[PDB]
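Worksheet: one structure, shown below.
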Amino acid sequence: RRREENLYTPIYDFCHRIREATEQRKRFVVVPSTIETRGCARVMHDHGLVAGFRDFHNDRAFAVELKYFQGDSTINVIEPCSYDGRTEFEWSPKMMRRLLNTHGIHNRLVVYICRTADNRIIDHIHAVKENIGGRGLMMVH
Amino acid sequence: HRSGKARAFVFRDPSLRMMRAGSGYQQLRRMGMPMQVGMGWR
Amino acid sequence: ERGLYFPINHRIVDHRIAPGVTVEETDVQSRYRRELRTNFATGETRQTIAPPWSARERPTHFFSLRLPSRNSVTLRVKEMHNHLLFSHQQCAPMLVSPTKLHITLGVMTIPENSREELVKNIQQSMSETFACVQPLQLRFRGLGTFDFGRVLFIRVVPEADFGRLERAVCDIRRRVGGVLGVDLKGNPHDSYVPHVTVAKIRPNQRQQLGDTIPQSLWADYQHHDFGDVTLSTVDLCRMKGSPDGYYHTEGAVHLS
Amino acid sequence: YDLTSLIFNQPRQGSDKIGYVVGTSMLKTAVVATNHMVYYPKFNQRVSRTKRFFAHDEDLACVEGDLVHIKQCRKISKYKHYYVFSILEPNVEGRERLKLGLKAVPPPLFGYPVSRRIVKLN
Amino acid sequence: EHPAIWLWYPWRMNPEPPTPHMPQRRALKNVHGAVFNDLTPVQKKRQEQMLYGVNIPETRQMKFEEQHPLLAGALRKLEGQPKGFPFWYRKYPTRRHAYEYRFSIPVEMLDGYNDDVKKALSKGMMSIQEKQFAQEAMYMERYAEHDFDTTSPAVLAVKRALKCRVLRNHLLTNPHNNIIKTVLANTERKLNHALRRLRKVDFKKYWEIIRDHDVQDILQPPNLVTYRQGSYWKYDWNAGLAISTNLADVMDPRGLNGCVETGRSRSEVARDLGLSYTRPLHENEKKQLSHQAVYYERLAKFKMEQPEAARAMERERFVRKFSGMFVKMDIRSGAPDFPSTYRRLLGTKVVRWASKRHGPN
Amino acid sequence: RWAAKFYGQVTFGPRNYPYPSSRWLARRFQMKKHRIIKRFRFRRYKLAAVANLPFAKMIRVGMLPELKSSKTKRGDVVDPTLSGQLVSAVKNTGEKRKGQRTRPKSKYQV
Amino acid sequence: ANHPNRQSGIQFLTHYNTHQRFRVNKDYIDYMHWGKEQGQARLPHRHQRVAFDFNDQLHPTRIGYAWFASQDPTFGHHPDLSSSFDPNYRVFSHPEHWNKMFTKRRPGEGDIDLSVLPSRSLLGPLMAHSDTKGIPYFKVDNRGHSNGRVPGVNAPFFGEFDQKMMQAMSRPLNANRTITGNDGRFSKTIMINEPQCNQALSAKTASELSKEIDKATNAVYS
Amino acid sequence: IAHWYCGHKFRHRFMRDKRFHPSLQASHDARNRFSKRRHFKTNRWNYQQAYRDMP
RNA sequence: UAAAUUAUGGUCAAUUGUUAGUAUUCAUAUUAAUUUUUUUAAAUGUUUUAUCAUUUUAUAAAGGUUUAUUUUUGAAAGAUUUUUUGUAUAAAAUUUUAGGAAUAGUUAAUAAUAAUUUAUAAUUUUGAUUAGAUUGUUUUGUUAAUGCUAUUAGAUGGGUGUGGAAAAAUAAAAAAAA
RNA sequence: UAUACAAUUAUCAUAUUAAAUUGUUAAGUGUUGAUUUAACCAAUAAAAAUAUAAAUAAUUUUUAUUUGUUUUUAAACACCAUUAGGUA
Ligand SMILES: [Mg+2]
Ligand SMILES: [Mg+2]
Ligand SMILES: [Mg+2]
Ligand SMILES: [Mg+2]
Ligand SMILES: [Mg+2]
Ligand SMILES: [Mg+2]
Ligand SMILES: [Mg+2]
Ligand SMILES: [Mg+2]
Ligand SMILES: [Mg+2]
């Protein structure tokens, strides 16, 4: 609505929707439908952070299905990488490689999600596999 | 405290703090972005 | 003291002199900004230049866009004449009669033996070229010179239907000079500069009139606006000043 | 890294600029407004600043409000190191406005800001 | 009495009303701060021409006849006789298209009824709001590229132009409703957008809209500061029509481009193809130029006819070269901008210049 | 409005205090504002902004040699024409002329 | 947030243009008369909700039984087919629609717009009554259901009802999207999707199903 | 924050930083950031007839 | 819109204050510094030559500059004789002050013009010009870290203009024609 | 002396997508008099009712426009002063 305010991304808001619908323990969320968004959905459903998802080729939206275990969510925290669209964070292969390492033990717990030069939405582990750097989207565990 | 600094509810994920730093000044110097226009270190 | 210590306009090296000369032996002075003065300022125009062999022979026939009655062009050129003659009446032999105004689309040399075959063929190919082209509304403003300031003319501004003209011309150019070998004073793969010739100095005149039209006359009309005109009629003409009060016309095509 | 280096391969930085022509009051001189980029690494984000140049166009093709391509060259006068290389977008409207004898664009209604209060009535 | 003096007793919230008083009724500004006391003769004429009534142009009867000759043939048989089948429907594709009688009643549907009814649905019986909608629909129809078109720049521009005029005269009568001051200013801004998009879509309709409704006042760039930065022209870059022109019909593209390998400008390749793109000139430029062309005739005549005066002046120049500040032309002397590259001289040593910057850079 | 709503920060409570200002704090600052306004009233303050002058710089009219309250302090230097006119304004503000809009009068205004 | 007019909180799960519910200038809520069936007055009304609970029903598909002929002859009206259901339905809100602020709040006062509630007056059906039958008789309209042919609404419905959304979000297990699947912790659902051929399996799709079936069957947690 | 830049308080530093913030920069929409108020109401009484050379 | 393995690969990110209802980066902590200590500098006479001359020997005095500072080989290197070549002076970006207004030997065209050539000129609120402070774009300190916090010093106008280049008036630590 | 805000919800002063603006009604004379007030004092007393629909969403209004101070008492109440008036 005004200048000083952040400029929102349908990633920012994707994440906060999922966060909030995980807090109210809902089984379905309706969520904005752009490319890296359903990319992120597929990645999360791979890692089993989300019960399932579908795009209906609805233009605005598609819908995610949340997973709960032992009384609470499967998602501890989910945060977007950038508050604005005017800020764009770049992830070097070495950085993404650092995330993987917890003081000498290989740790895949937390998932970080990237755009690639190639328009693919990937986790950081595949990225590190082929040593490509990518643009940050979000982190979820 | 209406008159005073905004505080976070909780901490910031340190990992994420390191992820936002990729394009920062130090990494730029290492990329060699700024032009060397003067004598520099001896 | 009223400006830069060495005015930037005065900084000039002449590389057509020699490496050692101007340091030691002698210094060469010139007014170097007459030479640098550009194609816009002088009013020069680069016309398609003839090959030498074609350069030797006189032109005979030309293509012309015929100007209708009641032009803006003819009127304003008449006003221009009056103004010019009141300033200097030495122009009087230079000036073209307002009755002879026409647009020159290209110039050509036809030998007198094959004459009939060539006028027939030309006229035919010409009629084929312009069959589809509807009338042209063109804009005239600005003046320019051919032949070292001997020929003074009105430009055709590429702001209007001019675009079509250029294709049209470039077609007859590739027919008339390309197909049946004819001497167009230039290369048939190049486009002619269309123009309205206003003042002129012929070879015979050049002794009493001088070697170049002094630019003091047409300086103030150099950028003057002569206006828009729509043209439906194309001619192929042999050059005679006498016969109609207009050039003797060997062929015509109507744009409609 | 902005648009200009995106479209062009520049032999030397700033050897090429795309801009809009603002004003021609000087013969053979086109003033051009042009954007360039600044980066704040602290906030990881960019801003466009703007800058004026004097371009030498022989022959006065340019009308105010043309989108032009502009190049670095021989020092021409005290302030003009750029010349108009190509008109990308002419002003068709503005030219027509000129032909009819009117100015290319209406003159701005107010001038620069003031700290005074100007009471001028009727 | 001389200038406005405000007087403010600091304990009071606000100053006393100033001086010989400002005009009793506040001026009505346009969006840019320009003032209109009243509608212009032209706009005025538009409102008088809305008020007393409007008409469908027989332009539409014509195209109805040539497009659907059968239907117009039927109506042509049936004149004056009451119809139970509306043959005329193609003539009115949209609800909005029929403005001559109220509630969108096409004329020929009124055939077999009472003439009281005919006077009941007539123009004279419209409310004002209805009449505005009439003017609006007729104009929207004149500039529409197809019937159902609204969104297009032309249509938008006209509708906003009309609305703006209405609000304007409204404010002329009843002075303070600032709701409508604000609505007027917003409408005006959206009109500004529509027009500046029009002139890059097609400019002649743009022109004749401005000539019909007399809005040139909202096309005037607001202030010199933002104009000088090229943000007035920057607009249509944003709107995306900045490259839209399609040259080839106008302005032959051959002399608009510079040579990449040669490095010669567009003035050059134009020179070589023997073409001139030169904007029409005002009196300033024609006069400066015409005065410049002749420097050499004047000089030639001077040095031939009067060698003495010439020789005096030459003595001046020659000896001058040896006097003065610098004789040598080096990086110092040959600084194109002296005060700028040495600012560190300007207060103490060098007294010629009061400021370090006289130009853009 | 020209003058200041408040003097000092009147809304200071903890975050989410569900009012602009507590009673205590607003009372303190009402004291402060009171003393200032009283000072303005008794010293017969006058200010002016003139057309075609820098506006944020306000001539102190209550300090002029004529209108000055103190018989001791050197008042201020304001141009003779402008001073005459300021004096005429202050003078002709005082009383209600019939047909003009009624405006609030005080002792301290004169 | 203790500020009045900020009480509606932060909801992201709304359909509005801001995630901060209290800047939204569209629908002002009503704390006194609202929230009988939705719980709190802040939260979105039942028909507008974009997030759904486990054991709660979700939005009814609108119609605007003929098409169940192949089903159980007894089966009544499927609970999710609604005659009148509107996602855009303006709920009466006093502070918007009846706004008493500029008054002293005495009995008759306040400004009201009547365009919210559907008219219960007799004036409408009297004024408009006609010999020509209604819109549906006249078949005025083009189009139809906006999704074209719809098994529940326009055309007939065959096979099975899925009232939980279990098949409606599953993941294609196959390059061809012929075989799709839905997995729980310990369970695995493999669903053959070929509605066009009447589920006749092609040579490739069968040699595929043998892979999915035993991949799912030799899995560790199934 | 070194204590000697700008005012004697901290908040003065961040208040000057806001003149350098990227998303806060001056443009055709946001203008006169540093003194808005010296220029306010400046032309109210300045009556300028808008420019028309076209009917 | 599918998973992956021929399995730890591409070489280390890791946070340490004893407080005093509560809200808010603020006393006492560590690391870095100043308080703090004579183990790295140094003295005067530069030098040849054909003799009152002529060859060699080019950036540490101060002033306070934020749209700012930019350049050649004709010297030496340098090789065989004499001619022998062209390339340079220009720009682009980064530029401080809590509360903010106009600046001016002045722009552009002409040209080796004009202390009165021609013109609707140039800089500024996208923050100018004066004024304050300040030695500009590989150097530090703290830190897990986008940050915060340092970086010296060195180009201060012209007026017989020498010299390849003004850098030319004590203050080296540069072997300066056996 | 140097040594790392927030960005999911924060109350004092830098507003911004909005439908308003305009309505000519009411009230008044019989008679010899302690009304109002905790309490004083001046001194005819009755009264001013009506409007919905409609205006499209966003992208260059920030020198523009905008936030309860208002002609006419020869009309009152009310308020301030106290019999003189002010204001309304
Ligand atoms: Mg310069
Ligand atoms: Mg100084
Ligand atoms: Mg020094
Ligand atoms: Mg200074
Ligand atoms: Mg620079
Ligand atoms: Mg420079
Ligand atoms: Mg000296
Ligand atoms: Mg504020
Ligand atoms: Mg009154």
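Just so we're on the same page: first chain in the structure tokens is A, next is B, and so on; residues restart at 1 for each chain, and ligands are numbered from 1 in the order they show up.
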
Which residues of chain J are close to chain A, meaning at most 12 Å apart when you count only C-alpha atoms (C1' of nucleotides), and how do they look as a ChimeraX atom specification? /J:6-8,16-17,58

Near stretch 21-31 of chain I, counting only C-alpha atoms (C1' of nucleotides), which residues have an atom at most 9 Å away, once you skip same-chain residues fewer than 5 positions from it, shown as number ranges by chain?
B: 1-7; F: 13-15; I: 142; J: 3, 5

Open item on the list: as a ChimeraX atom specification, please: every protein or nucleic acid residue near ligand 1 (cut-off 12 Å, counting only C-alpha atoms (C1' of nucleotides) and all ligand atoms).
Closed with: /C:4 /D:53-54,75-81 /E:334-342,356-361 /I:67-68,70,90-91

File of the preceding selection, C-alpha atoms (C1' of nucleotides), as a PDB file, in the first residue's frame:
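The resulting result-v7.pdb:
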ATOM      1  CA  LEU C   4      38.608  28.188 -22.709  1.00  0.00           C
TER       2      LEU C   4
ATOM      3  CA  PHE D  53      24.549  14.344 -21.193  1.00  0.00           C
ATOM      4  CA  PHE D  54      25.153  16.687 -24.106  1.00  0.00           C
ATOM      5  CA  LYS D  75      35.973  15.865 -27.156  1.00  0.00           C
ATOM      6  CA  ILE D  76      33.722  18.235 -29.105  1.00  0.00           C
ATOM      7  CA  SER D  77      33.113  21.227 -26.894  1.00  0.00           C
ATOM      8  CA  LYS D  78      33.694  21.887 -23.179  1.00  0.00           C
ATOM      9  CA  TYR D  79      30.886  19.556 -22.134  1.00  0.00           C
ATOM     10  CA  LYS D  80      30.059  17.354 -25.148  1.00  0.00           C
ATOM     11  CA  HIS D  81      31.806  14.002 -25.339  1.00  0.00           C
TER      12      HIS D  81
ATOM     13  CA  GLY E 334      44.456  22.100 -22.023  1.00  0.00           C
ATOM     14  CA  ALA E 335      41.977  21.255 -19.303  1.00  0.00           C
ATOM     15  CA  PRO E 336      38.584  21.527 -21.001  1.00  0.00           C
ATOM     16  CA  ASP E 337      37.168  22.440 -17.616  1.00  0.00           C
ATOM     17  CA  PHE E 338      39.689  24.413 -15.609  1.00  0.00           C
ATOM     18  CA  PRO E 339      37.650  25.370 -12.580  1.00  0.00           C
ATOM     19  CA  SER E 340      36.355  21.852 -12.194  1.00  0.00           C
ATOM     20  CA  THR E 341      39.543  19.815 -12.405  1.00  0.00           C
ATOM     21  CA  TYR E 342      41.315  22.255 -10.107  1.00  0.00           C
ATOM     22  CA  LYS E 356      33.596  24.858  -9.505  1.00  0.00           C
ATOM     23  CA  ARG E 357      30.760  23.830 -11.859  1.00  0.00           C
ATOM     24  CA  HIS E 358      29.234  25.645 -14.816  1.00  0.00           C
ATOM     25  CA  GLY E 359      27.923  22.608 -16.707  1.00  0.00           C
ATOM     26  CA  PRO E 360      26.590  19.013 -16.449  1.00  0.00           C
ATOM     27  CA  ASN E 361      30.135  17.606 -16.097  1.00  0.00           C
TER      28      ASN E 361
ATOM     29  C1'   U I  67      30.213  16.152 -10.507  1.00  0.00           C
ATOM     30  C1'   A I  68      37.867  16.781  -8.042  1.00  0.00           C
ATOM     31  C1'   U I  70      43.855  13.503 -16.840  1.00  0.00           C
ATOM     32  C1'   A I  90      39.067  12.834 -23.819  1.00  0.00           C
ATOM     33  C1'   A I  91      35.310  10.429 -20.736  1.00  0.00           C
TER      34        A I  91
END

Dump as a list in words the residues of chain F that approach chain D to within 7 Å, counting only C-alpha atoms.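 Selected residues: residues 51, 52, 53, 54 and 55 of chain F.
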
If we count only C-alpha atoms (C1' of nucleotides), which residues of chain I reach to within 12 Å of chain G? Please list them as a PDB file with N, CA, C and O atoms (P, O5', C5', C4', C3', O3' and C1' of nucleotides), in the first residue's frame.
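And here is the file that came out, selection-v3.pdb:
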ATOM      1  P     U I   1       6.190 -30.517 -14.744  1.00  0.00           P
ATOM      2  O5'   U I   1       7.068 -30.700 -13.427  1.00  0.00           O
ATOM      3  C5'   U I   1       6.446 -30.767 -12.150  1.00  0.00           C
ATOM      4  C4'   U I   1       6.642 -32.111 -11.484  1.00  0.00           C
ATOM      5  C3'   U I   1       6.503 -33.332 -12.388  1.00  0.00           C
ATOM      6  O3'   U I   1       7.317 -34.372 -11.853  1.00  0.00           O
ATOM      7  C1'   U I   1       4.838 -33.409 -10.732  1.00  0.00           C
ATOM      8  P     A I   2       7.841 -35.569 -12.784  1.00  0.00           P
ATOM      9  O5'   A I   2       7.491 -36.869 -11.946  1.00  0.00           O
ATOM     10  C5'   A I   2       8.308 -38.021 -12.056  1.00  0.00           C
ATOM     11  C4'   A I   2       9.491 -37.936 -11.129  1.00  0.00           C
ATOM     12  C3'   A I   2      10.387 -39.162 -11.164  1.00  0.00           C
ATOM     13  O3'   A I   2      11.707 -38.780 -10.787  1.00  0.00           O
ATOM     14  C1'   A I   2       9.391 -38.982  -9.035  1.00  0.00           C
ATOM     15  P     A I   3      12.970 -39.599 -11.345  1.00  0.00           P
ATOM     16  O5'   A I   3      13.999 -39.590 -10.125  1.00  0.00           O
ATOM     17  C5'   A I   3      13.920 -40.559  -9.081  1.00  0.00           C
ATOM     18  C4'   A I   3      13.726 -39.921  -7.725  1.00  0.00           C
ATOM     19  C3'   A I   3      14.549 -40.536  -6.597  1.00  0.00           C
ATOM     20  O3'   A I   3      14.800 -39.532  -5.608  1.00  0.00           O
ATOM     21  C1'   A I   3      12.265 -40.817  -6.119  1.00  0.00           C
TER      22        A I   3
END

**Prompt:** What are the DSSP alpha helix (DSSP H) residues of stretch 2-110 of chain F, as a ChimeraX atom specification?
**Reply:** /F:23-42,80-93

Selected residues written out with N, CA, C and O atoms, as a compact mmCIF listing (two decimals), in the first residue's frame:
# COMPACT_ATOMS: atom_id res chain seq x y z
N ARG F 23 -2.57 8.75 32.19
CA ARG F 23 -3.07 9.96 32.84
C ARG F 23 -1.90 10.73 33.41
O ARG F 23 -1.76 11.93 33.20
N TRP F 24 -1.04 10.01 34.12
CA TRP F 24 0.14 10.56 34.73
C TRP F 24 0.96 11.38 33.73
O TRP F 24 1.19 12.59 33.90
N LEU F 25 1.37 10.72 32.65
CA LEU F 25 2.32 11.32 31.73
C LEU F 25 1.72 12.52 31.03
O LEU F 25 2.35 13.59 30.93
N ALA F 26 0.50 12.35 30.54
CA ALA F 26 -0.19 13.43 29.87
C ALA F 26 -0.35 14.61 30.81
O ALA F 26 -0.34 15.75 30.37
N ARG F 27 -0.51 14.34 32.10
CA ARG F 27 -0.63 15.40 33.10
C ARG F 27 0.67 16.19 33.20
O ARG F 27 0.65 17.43 33.22
N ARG F 28 1.80 15.47 33.26
CA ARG F 28 3.12 16.12 33.26
C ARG F 28 3.28 17.05 32.06
O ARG F 28 3.67 18.23 32.19
N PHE F 29 2.97 16.53 30.89
CA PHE F 29 3.19 17.32 29.70
C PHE F 29 2.16 18.41 29.54
O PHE F 29 2.40 19.38 28.82
N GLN F 30 1.02 18.26 30.21
CA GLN F 30 0.03 19.33 30.19
C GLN F 30 0.54 20.45 31.07
O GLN F 30 0.27 21.62 30.81
N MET F 31 1.29 20.08 32.10
CA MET F 31 1.97 21.09 32.90
C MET F 31 2.96 21.86 32.03
O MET F 31 2.91 23.09 31.95
N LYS F 32 3.84 21.13 31.34
CA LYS F 32 4.83 21.79 30.47
C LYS F 32 4.20 22.72 29.44
O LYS F 32 4.57 23.91 29.34
N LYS F 33 3.25 22.19 28.68
CA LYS F 33 2.53 22.98 27.70
C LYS F 33 1.88 24.19 28.33
O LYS F 33 1.86 25.28 27.74
N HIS F 34 1.36 24.00 29.54
CA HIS F 34 0.72 25.10 30.25
C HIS F 34 1.69 26.25 30.52
O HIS F 34 1.38 27.42 30.25
N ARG F 35 2.86 25.92 31.06
CA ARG F 35 3.85 26.94 31.36
C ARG F 35 4.28 27.68 30.10
O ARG F 35 4.38 28.91 30.10
N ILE F 36 4.51 26.93 29.02
CA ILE F 36 4.92 27.59 27.77
C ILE F 36 3.86 28.55 27.26
O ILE F 36 4.13 29.73 27.02
N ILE F 37 2.64 28.05 27.11
CA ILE F 37 1.56 28.89 26.62
C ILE F 37 1.33 30.10 27.52
O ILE F 37 1.02 31.19 27.03
N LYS F 38 1.53 29.94 28.83
CA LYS F 38 1.35 31.07 29.73
C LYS F 38 2.42 32.13 29.49
O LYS F 38 2.15 33.34 29.49
N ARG F 39 3.64 31.65 29.26
CA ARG F 39 4.75 32.53 28.89
C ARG F 39 4.43 33.31 27.62
O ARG F 39 4.69 34.51 27.55
N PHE F 40 3.85 32.64 26.63
CA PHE F 40 3.46 33.30 25.38
C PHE F 40 2.38 34.34 25.60
O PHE F 40 2.38 35.37 24.95
N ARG F 41 1.45 34.03 26.49
CA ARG F 41 0.34 34.93 26.74
C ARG F 41 0.80 36.20 27.46
O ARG F 41 0.45 37.31 27.04
N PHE F 42 1.59 36.06 28.52
CA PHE F 42 1.92 37.23 29.35
C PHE F 42 2.96 38.17 28.72
O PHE F 42 2.93 39.38 28.96
N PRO F 80 11.83 49.44 7.62
CA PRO F 80 10.90 50.53 7.95
C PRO F 80 9.51 50.40 7.29
O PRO F 80 8.49 50.58 7.98
N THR F 81 9.48 50.08 6.00
CA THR F 81 8.22 49.89 5.30
C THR F 81 7.48 48.66 5.85
O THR F 81 6.29 48.73 6.22
N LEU F 82 8.20 47.54 5.92
CA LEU F 82 7.65 46.29 6.41
C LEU F 82 7.20 46.42 7.87
O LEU F 82 6.19 45.83 8.26
N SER F 83 7.93 47.21 8.65
CA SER F 83 7.59 47.44 10.06
C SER F 83 6.32 48.27 10.22
O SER F 83 5.45 47.95 11.04
N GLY F 84 6.22 49.35 9.44
CA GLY F 84 5.01 50.13 9.42
C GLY F 84 3.80 49.26 9.09
O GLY F 84 2.78 49.30 9.78
N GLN F 85 3.94 48.46 8.04
CA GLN F 85 2.84 47.60 7.61
C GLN F 85 2.46 46.53 8.66
O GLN F 85 1.27 46.31 8.91
N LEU F 86 3.46 45.90 9.27
CA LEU F 86 3.23 44.95 10.38
C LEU F 86 2.48 45.59 11.53
O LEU F 86 1.52 45.01 12.06
N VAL F 87 2.90 46.79 11.93
CA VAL F 87 2.22 47.57 12.96
C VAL F 87 0.75 47.84 12.61
O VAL F 87 -0.14 47.66 13.45
N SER F 88 0.51 48.25 11.37
CA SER F 88 -0.87 48.47 10.90
C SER F 88 -1.71 47.18 10.93
O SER F 88 -2.89 47.23 11.28
N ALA F 89 -1.11 46.04 10.60
CA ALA F 89 -1.83 44.75 10.66
C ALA F 89 -2.22 44.36 12.10
O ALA F 89 -3.41 44.12 12.39
N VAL F 90 -1.22 44.32 12.98
CA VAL F 90 -1.46 44.04 14.40
C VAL F 90 -2.53 44.96 14.95
O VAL F 90 -3.43 44.52 15.67
N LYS F 91 -2.45 46.24 14.59
CA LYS F 91 -3.42 47.22 15.08
C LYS F 91 -4.84 46.94 14.59
O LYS F 91 -5.79 46.94 15.38
N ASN F 92 -5.00 46.70 13.28
CA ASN F 92 -6.33 46.56 12.70
C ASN F 92 -6.93 45.15 12.85
O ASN F 92 -8.06 44.91 12.42
N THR F 93 -6.17 44.24 13.48
CA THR F 93 -6.71 42.91 13.79
C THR F 93 -7.69 42.94 14.98
O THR F 93 -8.69 42.22 14.99

Q.
Near chain A, meaning an atom within 6 Å, which residues of chain G appear when counting only C-alpha atoms? Write them as a VMD selection string.
A. chain G and resid 12 to 13 50 to 54 169

Could you save those same residues with N, CA, C and O atoms as a PDB file, in the first residue's frame?
ATOM      1  N   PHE G  12      -3.225 -14.724   7.261  1.00  0.00           N
ATOM      2  CA  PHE G  12      -2.729 -14.990   5.912  1.00  0.00           C
ATOM      3  C   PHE G  12      -3.713 -15.801   5.103  1.00  0.00           C
ATOM      4  O   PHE G  12      -3.732 -15.725   3.876  1.00  0.00           O
ATOM      5  N   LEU G  13      -4.550 -16.555   5.810  1.00  0.00           N
ATOM      6  CA  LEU G  13      -5.404 -17.594   5.233  1.00  0.00           C
ATOM      7  C   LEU G  13      -6.707 -17.016   4.712  1.00  0.00           C
ATOM      8  O   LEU G  13      -7.682 -17.730   4.516  1.00  0.00           O
ATOM      9  N   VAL G  50     -10.496 -20.387   2.573  1.00  0.00           N
ATOM     10  CA  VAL G  50      -9.483 -20.938   1.684  1.00  0.00           C
ATOM     11  C   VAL G  50      -8.584 -22.011   2.346  1.00  0.00           C
ATOM     12  O   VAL G  50      -7.610 -22.458   1.748  1.00  0.00           O
ATOM     13  N   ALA G  51      -8.877 -22.394   3.584  1.00  0.00           N
ATOM     14  CA  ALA G  51      -8.156 -23.492   4.234  1.00  0.00           C
ATOM     15  C   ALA G  51      -9.113 -24.416   4.998  1.00  0.00           C
ATOM     16  O   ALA G  51     -10.014 -23.952   5.692  1.00  0.00           O
ATOM     17  N   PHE G  52      -8.899 -25.724   4.894  1.00  0.00           N
ATOM     18  CA  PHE G  52      -9.903 -26.687   5.335  1.00  0.00           C
ATOM     19  C   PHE G  52      -9.429 -27.693   6.356  1.00  0.00           C
ATOM     20  O   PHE G  52      -8.306 -28.185   6.307  1.00  0.00           O
ATOM     21  N   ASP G  53     -10.319 -27.972   7.294  1.00  0.00           N
ATOM     22  CA  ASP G  53     -10.085 -28.912   8.379  1.00  0.00           C
ATOM     23  C   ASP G  53     -10.230 -30.375   8.025  1.00  0.00           C
ATOM     24  O   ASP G  53     -10.854 -30.729   7.024  1.00  0.00           O
ATOM     25  N   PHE G  54      -9.659 -31.224   8.865  1.00  0.00           N
ATOM     26  CA  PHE G  54      -9.677 -32.646   8.612  1.00  0.00           C
ATOM     27  C   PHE G  54     -11.054 -33.269   8.589  1.00  0.00           C
ATOM     28  O   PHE G  54     -11.431 -33.909   7.611  1.00  0.00           O
ATOM     29  N   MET G 169      -5.929 -35.387  -4.892  1.00  0.00           N
ATOM     30  CA  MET G 169      -4.492 -35.160  -4.946  1.00  0.00           C
ATOM     31  C   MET G 169      -3.694 -36.414  -4.705  1.00  0.00           C
ATOM     32  O   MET G 169      -3.580 -36.918  -3.589  1.00  0.00           O
TER      33      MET G 169
END

Counting only C-alpha atoms (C1' of nucleotides) and all ligand atoms, give me one row per residue of chain J with an atom at most 10 Å from an atom of ligand 9, showing the shortest contact pair and its distance in Å to one decimal, sorted by chain then residue number, as a Markdown table.
| residue | atom | partner | partner_atom_place_in_ligand_line | distance |
| --- | --- | --- | --- | --- |
| J:70 | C1' | ligand 9 | 1 (Mg) | 8.4 |
| J:71 | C1' | ligand 9 | 1 (Mg) | 7.4 |
| J:72 | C1' | ligand 9 | 1 (Mg) | 7.1 |
| J:73 | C1' | ligand 9 | 1 (Mg) | 7.8 |
| J:87 | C1' | ligand 9 | 1 (Mg) | 8.6 |
| J:88 | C1' | ligand 9 | 1 (Mg) | 7.1 |

Residues of chain I within 12 Å of chain A, using only C-alpha atoms (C1' of nucleotides), as an NGL selection string? :I and (1-4 or 8-14 or 146)

Close residues to ligand 3 using only C-alpha atoms (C1' of nucleotides) and all ligand atoms, limit 12 Å, as a list in words: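 Listing the residues within 12 Å of ligand 3 gives residues 59, 60, 61, 62, 63, 135, 153, 154, 155, 156 and 167 of chain I.
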
Atom CA of residue C:253 sits from atom CA of residue C:231 at a separation of 11.4 Å

Quick one: everything within 9 Å of residue I:66, counting only C-alpha atoms (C1' of nucleotides), minus sequence neighbours fewer than 6 positions away in the same chain. Send it as a list in words.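 Answer for this query is residues 95, 96, 134 and 136 of chain I.
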
Task: 8 Å shell around ligand 4 using only C-alpha atoms (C1' of nucleotides) and all ligand atoms, listed as a ChimeraX atom specification - done: /I:64-65,131-132

request  = Give the residues close to ligand 2, within 10 Å, counting only C-alpha atoms (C1' of nucleotides) and all ligand atoms; write them as number ranges by chain.
outcome  = E: 343-349, 354-355; I: 64-65, 130-131

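When the distance limit is 7 Å and only C-alpha atoms (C1' of nucleotides) are what count, the residues near residue B:23, minus those fewer than 5 positions from it on the same chain, are residues 90 of chain A; 28 of chain B; 41 and 44 of chain D.
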